[PDB]
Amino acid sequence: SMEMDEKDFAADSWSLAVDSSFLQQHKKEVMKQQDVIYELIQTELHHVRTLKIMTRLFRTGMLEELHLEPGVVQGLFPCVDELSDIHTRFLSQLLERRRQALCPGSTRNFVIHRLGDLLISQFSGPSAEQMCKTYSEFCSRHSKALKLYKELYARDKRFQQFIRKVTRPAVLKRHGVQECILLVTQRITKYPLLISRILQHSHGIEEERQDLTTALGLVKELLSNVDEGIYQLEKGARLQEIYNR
């Protein structure tokens, strides 16, 4: 992550991020709505960061320092470039919505009143098809990535030294290779939880309540489609085991 966005999302909540004299000007319901919207953007910022650790720290580090067999790095980090593209674009949209809402003379005081339309756009049309295709491929390659990781760590000395070196810093404590893969797989099922709670506090404007209800429906349709498109790949699985599923 970049320092500017890290500082903007350093506080535990929107109510602790904004100036107290700005907080005091809003009703309790607005603060409750803004605290959950802040959590959605803060967790999206962290999820994009998880994907950068996978692409730049792990994947690129292995290509530039190790002599792994071709197709091994792809097997460890399936679809990471596509995932990074989808979420970096989504994060850019969320951060621009916050930036446009800042008060003049402030880099921290804002209120996001119109999130629903952005969520409908993200979870419909081509961007939704790309998310469905990418997570169906990623989640079907999840178990294979973990087993390939475990094999390499146990049998390859230079691979083990590389892993131990780049994961030693305290800021990587929660972000080992297997942890990053599960963090990515679990990301998509966090969205309905966050959207339902934002909706709970968005009844003040009927257009917004309707848009968030539509977005919630679209996320659920996407999740059902991904869930139905998963079948775990296994290295060395025979055709007979596959067609006898």
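Each residue number is its position in the shown sequence, starting from 1. If you superpose the two forms and keep the largest set of C-alpha atoms that fall within 1.5 Å, you have the rigid core.
With 133 to 141 and 69 to 77 as candidates, the stretch whose CA atoms show the greater average offset from this form in 9 other deposited structures of this protein after a core fit is 69 to 77.
Averaged as a root mean square over residues and superposed structures in 9 other deposited structures of this protein, CA distances to the shown form are larger in 60 to 68; the pair compared was 60 to 68 and 45 to 53 with a core fit. For the pair 70 to 78 and 93 to 101, the mean Cα B-factor is higher in 70 to 78. Higher mean CA B-factor, judged across 24 to 32 and 185 to 193 from the recorded values: 24 to 32. Sort the chain's modelled residues by C-alpha temperature factor and residue 128 lands in the highest third, per the entry. When the modelled residues of the chain are ordered by their C-alpha B factor, residue 140 lands in the lowest third. In this PDB entry, the Cα temperature factor of residue 87 sits in the bottom third of its chain's modelled residues, the lowest group.
In this PDB entry, the Cα temperature factor of residue 46 sits in the bottom third of its chain's modelled residues, the lowest group.
Sort the chain's modelled residues by C-alpha temperature factor and residue 161 lands in the highest third, per the entry.
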